[PDB]
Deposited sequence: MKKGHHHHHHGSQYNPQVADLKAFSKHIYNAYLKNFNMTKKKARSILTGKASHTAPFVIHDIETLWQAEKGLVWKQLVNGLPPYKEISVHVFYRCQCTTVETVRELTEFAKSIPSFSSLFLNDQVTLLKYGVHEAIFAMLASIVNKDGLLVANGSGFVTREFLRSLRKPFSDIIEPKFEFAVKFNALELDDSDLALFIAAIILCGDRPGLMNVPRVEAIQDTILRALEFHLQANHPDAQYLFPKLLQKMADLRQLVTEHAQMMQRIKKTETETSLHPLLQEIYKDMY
C-alpha cells in the first residue's frame, strides 16, 4: 500500500517515454511565454494553405477532396498516430503485456478514443488546439466553420476539455488516469476479466494515493475523475455514431482501416 508509489512512477515513466507531447510542454506553448516561438495560427482557408505550404507541415494523406475533408484527414492521421503511442504506452505496463494479445486488442479497441479525448484536453484551450507537434494552432472558430458533418466532430471534445482542464491535472496524474482507462474490466469480450479487474483496481488505488500527495487541498478529485471516465465513455459512443454517419453520407471521404476496425462491432 506504499509501493503504489512505485507502480505510479513506473506508469509516469511509461507515459514520458511514449507520448510525443506532454501537457507540460503543451501548456508552456499555449501560454506563449517559455518557448519564444509562437505556433502558426490557422483560422481560415488562406492560413491553412500557408500552413501546408511549409510554415507548419501532404503527410501521406489520402487524395485531396476539399477543405473540410482535408482537415478531417489531418485529424484522422493524428488520431491513428496517437493510437500507436497508446499501444506502446500500454505495452510498457508489465501487467498489460502479460495479457494475451487478444485481450490487449480488446482493451485498446475500446479504450483508445476515451484516452485520446482525455489527452486532447492537454493541447486545447477554449479558443483552439495545438497541431503539428506544437508548431501550429487551429482555432475552434475555424473548425466550426467547416462543412457539416465535419464541423460537428470536435466541438463536444472542446466542451469536455474545458471542464476537464479546470481540474488542473498534471502529466503524472494523467499517466495514471490513462492507464485506468486502458485497463478496464468492463470491455465487451474480454477473456481474462478477473486479471484485468485486478490490474484496474491497483491502478485506481494508486491514483487516489497519488492525488492525495499531489493535490492535497483538492476535495473530491478522485470521485470527479471517475465521473469523467464515464463522461468519456459517452463521448466515444457519440463519436462512433458521428463516424457511422460520415461513413454512410460522406462516401468520398477515406476512412482509415484501423479506426474502421475499432468502430466495427462497437
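> Spell out the unmodelled ranges of the deposited sequence for me, N- to C-terminal, numbering from the first residue.
Those parts of the chain that were deposited but carry no coordinates are 1 to 17, 75 to 77, 287.
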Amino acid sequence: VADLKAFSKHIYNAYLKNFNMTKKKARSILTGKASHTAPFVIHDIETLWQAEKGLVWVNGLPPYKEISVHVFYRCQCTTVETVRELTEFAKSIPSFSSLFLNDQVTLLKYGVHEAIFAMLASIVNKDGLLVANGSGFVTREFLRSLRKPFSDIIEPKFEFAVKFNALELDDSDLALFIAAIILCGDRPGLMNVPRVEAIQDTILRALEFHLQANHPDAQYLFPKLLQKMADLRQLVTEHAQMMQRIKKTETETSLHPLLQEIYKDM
From here on, numbers count along this sequence of modelled residues.
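Take the two forms, superpose them, and find the largest set of C-alpha atoms that agree within 1.5 Å; that set is the rigid core.
> Rigid core superposed, root mean square over structures and residues, which stretch has C-alphas farther from this form in 7 other deposited structures of this protein, 62 to 70 or 40 to 48?
The more displaced stretch in 7 other deposited structures of this protein turns out to be 62 to 70.
> At least a third of the other compared entries lacking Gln219?
Other entries vs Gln219: none skip it.
> Determine, among the other compared PDB entries that model residues flanking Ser35, whether at least a third leave it unmodelled.
Yes, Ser35 lacks coordinates in at least a third of the other compared entries that model both of its neighbours.
> Between 228 to 236 and 29 to 37, name whichever shows the higher mean Cα B factor according to the PDB entry.
Between 228 to 236 and 29 to 37, it is 29 to 37.
> Look up the CA B-factors in the entry and say which stretch, 91 to 99 or 113 to 121, has the higher mean.
Comparing 113 to 121 with 91 to 99, the higher mean C-alpha B-factor belongs to 91 to 99.
> Pick out which of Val69, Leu221, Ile45, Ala206 has the highest C-alpha B-factor in the PDB entry.
So the option with the highest C-alpha B-factor is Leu221.
> Highest Cα temperature factor in the entry, among the options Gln76, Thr139, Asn192, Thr106: which one is it?
The record points to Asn192.
> Determine, from the deposited record, the chain-internal third of the Cα B-factor for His10: lowest, middle or highest.
Highest third.
> Where does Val162 sit by CA temperature factor within its chain: lowest, middle or highest third?
Answer is middle: the recorded C-alpha B-factor places it there.
> Classify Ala51 as lowest, middle or highest third according to the C-alpha B-factor given in the PDB entry, relative to its own chain.
It falls in the middle third of the chain.
> Lowest, middle or highest third: where is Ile262 by C-alpha B factor in its chain?
As the PDB entry reports it, the C-alpha B-factor of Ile262 lands in the lowest third of its chain.
> Taking only the Cα B-factors deposited for this chain, tell me whether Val196 sits in the lowest, middle or highest third.
Highest third, going by the recorded CA B-factors of the chain.
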